[PDB]
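Visitor: Dropping the structure in here first, questions after.
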Protein chains: 2
Amino acid sequence: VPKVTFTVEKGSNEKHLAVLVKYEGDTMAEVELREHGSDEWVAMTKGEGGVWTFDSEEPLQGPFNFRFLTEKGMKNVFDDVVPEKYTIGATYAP
Amino acid sequence: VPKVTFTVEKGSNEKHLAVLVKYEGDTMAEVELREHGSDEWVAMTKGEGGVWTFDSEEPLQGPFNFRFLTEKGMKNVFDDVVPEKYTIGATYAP
């Protein structure tokens, strides 16, 4: 079974993305997002229960790339993990 | 003496900022920058020896705000620490 998963949450739309991130055996310290066509890693906001969110004034363009840091020291980049046309409630894994 | 300091490095200009960050007794895991007038925390790139850099296509507008995460678990935000008109080689502390 995949060690890192990204589950899209209800409420996600063009200007709001909420993602439940899970790394087996560790917890997220910081999660950053890079939308398709962007060269910048922008910090996501830590929500409750492992959910991380991002609010934008312009439309968000996928596929989405995530970069994170865990509390035990892991740092990783996962490219195009969440597709442009994602489905609410589905789990994505690299 | 200040516990956290930000020293501006040679080479820093309108499109390139290099900052030596130091937190006594800890080491930086991630350092993010928010320029004046921005609502986004963008990740800086880890250089050698504690220096963190940021390259932009448009001019960088200070004062600069920094948000960081240390290897031992500290997370902090320091607003307007580096002024718009900074001097190369000078140390800034909150």
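Visitor: Placing +1 at every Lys and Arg Cβ and -1 at every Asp and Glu Cβ, with all other atoms neutral, what dipole size does chain B have around its Cα centre, in debye to the nearest 20?
Guide: The dipole of chain B has a size of about 380 debye.
Visitor: Let me check against my output: what whole-number percent is the relative contact order of chain A, with C-alpha pairs under 8 Å and at least 6 apart?
Guide: 33 percent
Visitor: With only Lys, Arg, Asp and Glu charged, each at its Cβ (+1 for the first two, -1 for the last two), find how big the charge dipole of the stretch A:42-81 is about the Cα centre; round to the nearest 20 debye.
Guide: Here the stretch A:42-81 has a charge dipole of around 320 debye.
Visitor: Have a look at the stretch B:1-93 and give its Rg and Dmax from the Cα atoms, expressed in angstrom.
Guide: Cα only, the stretch B:1-93: 12.1, 36 Å (Rg, Dmax).
Visitor: Something else about it: Obtain the nm distance between the two label points defined at A:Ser38 and B:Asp26 by a simple spin-label model: each point lies 7 Å from its Cα along the Cα-to-C-beta direction.
Guide: Distance between the two pseudo-spin positions: 2.6 nm.
Visitor: Please report, to one decimal in angstroms, the Kirkwood hydrodynamic radius of the protein assembly as shown built from all distinct Cα-Cα pairs.
Guide: Radius from the Kirkwood sum: 17.5 Å.
Visitor: Give the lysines reachable from B:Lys75 as a straight Cα distance under 23 Å; neighbours fewer than 8 places away on the same chain don't count.
Guide: Those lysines meeting the cut-off are A:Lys22, A:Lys46, A:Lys72, A:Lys75, B:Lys3, B:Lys22, B:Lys46.
Visitor: Quick one: 3J(HN,Hα) in Hz for the stretch B:63-77, Karplus 6.51/-1.76/1.60 with θ = phi - 60°, rounded, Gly and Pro as x.
Guide: x, 9, 10, 10, 10, 9, 10, 9, 5, 8, x, 7, 9, 8, 10
Visitor: Mind checking the full-extension length gain between B:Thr91 and B:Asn76? Use 0.36 nm per residue of separation minus the Cα-Cα distance, one decimal, nm.
Guide: 3.6 nm
Visitor: How crowded by other chains is B:22-28, given as the mean number of beta carbons from other chains within 10 Å of each beta carbon?
Guide: Mean shielding by partner chains, rounded to a whole number: 0.
No value in this document is a laboratory result; all are computed from the given coordinates. When we count neighbours, we look across all protein chains shown, and the Cβ atoms used for this are built from the backbone with ideal geometry, even at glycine.
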